[PDB]
Amino acid sequence: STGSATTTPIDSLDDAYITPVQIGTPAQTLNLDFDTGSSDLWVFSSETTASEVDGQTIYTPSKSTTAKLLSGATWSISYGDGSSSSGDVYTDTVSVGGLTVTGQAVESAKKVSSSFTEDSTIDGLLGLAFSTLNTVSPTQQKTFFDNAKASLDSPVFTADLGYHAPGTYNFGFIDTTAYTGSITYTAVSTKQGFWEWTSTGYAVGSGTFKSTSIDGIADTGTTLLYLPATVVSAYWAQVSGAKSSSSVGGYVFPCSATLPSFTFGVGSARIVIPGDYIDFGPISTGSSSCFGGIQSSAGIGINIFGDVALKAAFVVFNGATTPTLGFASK
């Protein structure tokens, strides 16, 4: 079996991407944030505190003839940004782009943090990291990909995120028309539950490539590219007027600037992030100071190849017995 679904930026800055997911019988369609950095499928629901719901589409399990309360099960998660959510658990039928899993754990929110409430375009998350990170207690639950794996033509999913435009998540096959040249595969560590790999280095604009090992995670659920402070300093040094701002919380730059590209290494291959992808617009409405898309990972504790990097590539999440990651230009 295979599945294929279109993923859409939630706003003009590509702050995140949503993908339609069918849950329950009859189908209830929710727009979820596919997140290769976490492993819970959770949704706004009929159970969510009313004051915490503001424009989102909810899952109503009492209206699904295939929904079953998972007795005694609860979940609670806190994300790298500082947001969180929690509730109970149903099992139900979940389909993505024509691919169906029966008995998927659907985590129903009773509480969500303000940042979720304030984001009317995201109805929940669909986690695609490794199931070892799933927060359901007392019995851990499997991710959608893990449940589907055995049925897929090939145990893979691919992420093809667009710059200011729609893209695609495919399950079970590689669309050879979606990329240029070849796919370079690179080793993955699952020891932290993430799609964790090691980049072979970087370049800034037309500058010389610096060979250096950068350990990080491929994370569709993170907007920006978070790298070591030395690397990030080297990048913003090439932008006149750029500076790290304590008050804003990162590197900012004059909106009139033209940004250089940023290249990262995958083995001997190279992925080029166009400079336009690194512009996240005014820090506040009407300001001529703009927020940068490459930021320091110091104090995160891990480097993050988020959307800024991944949308410059066709990315293969290979879930074979020994997982690997593949990157191609497009």
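As recorded in the entry header, the structure was determined using X-ray crystallography to a resolution of 1.7690 Å.

A.B. asks: Describe the nonpolar core, naming the residues involved and giving the relevant values.
C.D. replies: If you look at the biggest cluster of nonpolar residues, it comprises 72 residues, and the most contacted ones within it are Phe171, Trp236, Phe262, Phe264, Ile273 and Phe327. Those residues in contact with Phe262, other than ones at most four positions away along the chain, are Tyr202, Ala203, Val204, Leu225, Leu227, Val231, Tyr235, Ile271, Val272, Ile273, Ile278 and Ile294. Core analysis: the next-biggest nonpolar cluster, separate from the first, contains 17 residues, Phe44, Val89, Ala109 and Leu125 among them.

A.B. asks: Explain the domain arrangement of the chain to me, using residue names and the numbers behind them.
C.D. replies: Once the domains are mapped, the chain shows domain 1 (5-174) and domain 2 (175-330). For domain 1 versus domain 2, the separation of C-alpha centres amounts to 25 Å. The partner domain 2 presents 33 residues to the 30 residues of domain 1 that form the contact. Taken together, the elements giving at least two residues each to the side of domain 1 that touches domain 2 come down to β3 (28-35), β9 (156-160) and β10 (167-171). Here the residues of the side of domain 1 that touches domain 2 are counted per class, giving 18 nonpolar, six polar and six charged.

A.B. asks: Mind laying out the UniProt feature "disulfide bond" in the chain, listing which residues take part and the relevant values?
C.D. replies: Between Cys255 and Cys290, where UniProt annotates a disulfide, the S-S separation is 2.0 Å; being under 2.5 Å, the link is counted as present. With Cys255 in the loop between β16 (250-254) and β17 (262-266) and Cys290 in strand β20 (residues 289-292), the pair connects residues that are 35 residues apart, well separated along the chain.

A.B. asks: Describe the side chain of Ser95, listing the residues and the values that go with them.
C.D. replies: Here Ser95 lies in strand β6 (residues 84-96). Here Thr100 takes part through its side chain, which lies 2.7 Å from a polar atom of the side chain of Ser95. With near-sequence residues (within four places) excluded, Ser95 lies in contact with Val21, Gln22 and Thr100.

A.B. asks: An account of the pairing of β16 is needed here, citing residue identities and associated values.
C.D. replies: Most of β16 is tucked away, with four of its five residues classed as buried. Taken together, the three bridges between strand β15 (residues 243-245) and β16 define a ladder with antiparallel strand orientation. Following the sheet pairing, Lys243 is matched in β16 by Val252. Count of turn residues in the β15/β16 antiparallel hairpin: four residues, of which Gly249 carries a positive phi of about 105 degrees. Alignment of β16 against β20, held across three bridges, turns out to be antiparallel. In the strand pairing of β20, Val252 is matched with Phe291.

A.B. asks: Quick one: what's the story with the sheet that holds β15, residue by residue and with numbers?
C.D. replies: Spatial strand order, β15-β16-β20-β19: four strands in an open sheet with antiparallel pairing. One side of each edge strand has no neighbouring strand; the edge strands of this open sheet are β15 and β19 (279-282). In this sheet, adjacent strand axes meet at a mean angle of 40 degrees when their direction is disregarded. Relative to β20, β19 runs antiparallel, the two sharing two bridges.

A.B. asks: Would you mind going over the pairing of β9 in detail, with residue names and values included?
C.D. replies: Where burial is concerned, most of β9 is hidden: five out of the five residues are buried. Side-chain alternation along β9 places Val156, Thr158 and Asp160 on one buried face and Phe157 and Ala159 on a second face that is also buried. Across four bridges, β9 lies against strand β23 (residues 314-318) in antiparallel orientation. The residue of β23 that forms the bridge with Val156 is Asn318. Inspection of the sheet shows β9 paired to β10 by four bridges, in the antiparallel sense.

A.B. asks: Break down the sheet that holds strand β14 (residues 225-227) for me, with residues and values.
C.D. replies: Overall, mixed pairing links the seven strands, which are arranged β18-β17-β12-β13-β22-β14-β21 in an open sheet. Only two strands of the sheet have a single partner each, and these edge strands are β18 (269-273) and β21 (294-296). Here the strands of the sheet are splayed against their neighbours by 45 degrees on average, with no regard to which way each runs. Sheet topology note: the strand β12 (residues 196-204)/β17 ladder contains three bridges and is antiparallel. Bridge pairing in β17 places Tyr202 opposite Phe264. Each of β12, β14, β17 and β21 is contacted by helix α3 (residues 229-236), which is oriented at about 140 degrees to β21, the strand it contacts most.

A.B. asks: Please give an account of the pattern of salt bridges that cites residues and values.
C.D. replies: Counted according to the given criterion, the structure contains two salt bridges. Residue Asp14 pairs with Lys311 through a salt bridge whose shortest N-O separation is 2.8 Å. Taken together, the residues span a long stretch of sequence, with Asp14 in the loop between β1 (3-9) and β2 (17-23) and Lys311 in the loop between α4 (307-310) and β23 at a distance of 297 residues. Exposure class is identical for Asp14 and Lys311. Each is buried. Among the salt bridges present, the one from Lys330 reaches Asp160, with a minimum N-O distance of 2.8 Å. Of this pair, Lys330 sits in the segment after β24 (324-328) while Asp160 is found in strand β9, placing the two residues 170 residues apart along the sequence.

A.B. asks: Tell me about the packing of aromatic side chains, and please be specific about residues and values.
C.D. replies: Enumeration according to the criterion identifies 26 aromatic pairs in this entry. Ring geometry for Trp197 against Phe327: centres 4.8 Å apart, planes inclined by 40 degrees, an arrangement best described as tilted. One end of the pair, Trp197, is in strand β12; the other, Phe327, is in strand β24, and 130 residues separate them in sequence. A relative accessible area of 2% means that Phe327 is categorised as buried. Look at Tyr202 and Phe262: their rings are 5.8 Å apart centre to centre, the planes differ by 5 degrees, and that puts the pair in the stacked class. A residue pair is termed long-range when its members are at least 10 positions apart, and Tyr202 in strand β12 and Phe262 in strand β17 qualify at 60 residues. Here the two residues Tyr202 and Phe262 agree in accessibility, since each one is buried. Within the aromatic cluster, the residues linked to one another by ring pairs are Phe34, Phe130, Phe144, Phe145, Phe157, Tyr169, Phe171, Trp195 and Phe317. The ring centre of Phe209 lies 3.6 Å from the NZ or CZ of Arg270, which sits over that ring. Between the NZ or CZ atom of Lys311 and the centre of the ring of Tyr277, over which it lies, the distance is 5.6 Å.

Rules behind the numbers
Each chain carries its own residue count, running from 1 in the order of its written sequence; this scheme can depart from the entry numbering, and residues that have no coordinates do not appear. Values reported for side chains reflect all heavy atoms of the structure, with hydrogen atoms and water molecules removed beforehand. Residues with missing side-chain atoms are left out of burial classes, side-chain pairs and their counts. Only buried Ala, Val, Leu, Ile, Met, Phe, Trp, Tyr and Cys residues count toward a nonpolar core, and they belong to the same one when joined by side-chain atoms within 4.5 Å. Partly exposed residues are those whose accessible area sits between 20% and 50% of the maximum for their type, while under 20% is buried and over 50% is exposed, using a 1.4 Å probe and protein chains only. Residue contacts are defined here by distance: any two heavy atoms, one from each residue, within 4.5 Å place the two residues in contact. Segmentation of the chain into domains, including their bounds, is taken from an automatic or database domain assignment. Only DSSP runs of H or I reaching four residues or more are called helices, and only runs of E reaching two or more are called strands; each is numbered from the N terminus. When residue character is reported, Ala, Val, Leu, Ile, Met, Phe, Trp, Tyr, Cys and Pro are called nonpolar, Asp, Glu, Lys and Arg charged, and the others, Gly included, polar. The disulfide definition used here is simple: a pair of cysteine sulfur atoms within 2.5 Å. UniProt positions are given in the numbering used here, feature names are shortened, and annotations may be inferred rather than shown by experiment. We define a polar contact as two N or O atoms separated by no more than 3.5 Å, with the added condition that, inside protein, one atom must be a possible hydrogen donor and the other a possible acceptor, whereas residues neighbouring each other in sequence contribute only through side-chain atom pairs. DSSP-based pairing: two strands are paired if at least 2 bridges between them are found. Axis definition: a line fitted to C-alpha atoms, limited for helices to the stretch in contact. Angles are taken between N-to-C directions and run from 0 to 180 degrees. A pairing counts as a salt bridge when a side-chain nitrogen of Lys or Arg comes within 4 Å of a carboxyl oxygen of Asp or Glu. We call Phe, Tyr and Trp rings a pair once their centres come within 6.5 Å, taking the six-membered ring for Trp, and we label the pair stacked below 30 degrees between planes, edge-to-face above 60, and tilted otherwise. By definition here, charges over rings are those cases where NZ of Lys or CZ of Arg is within 6 Å of the ring centre and within 35 degrees of the ring normal.

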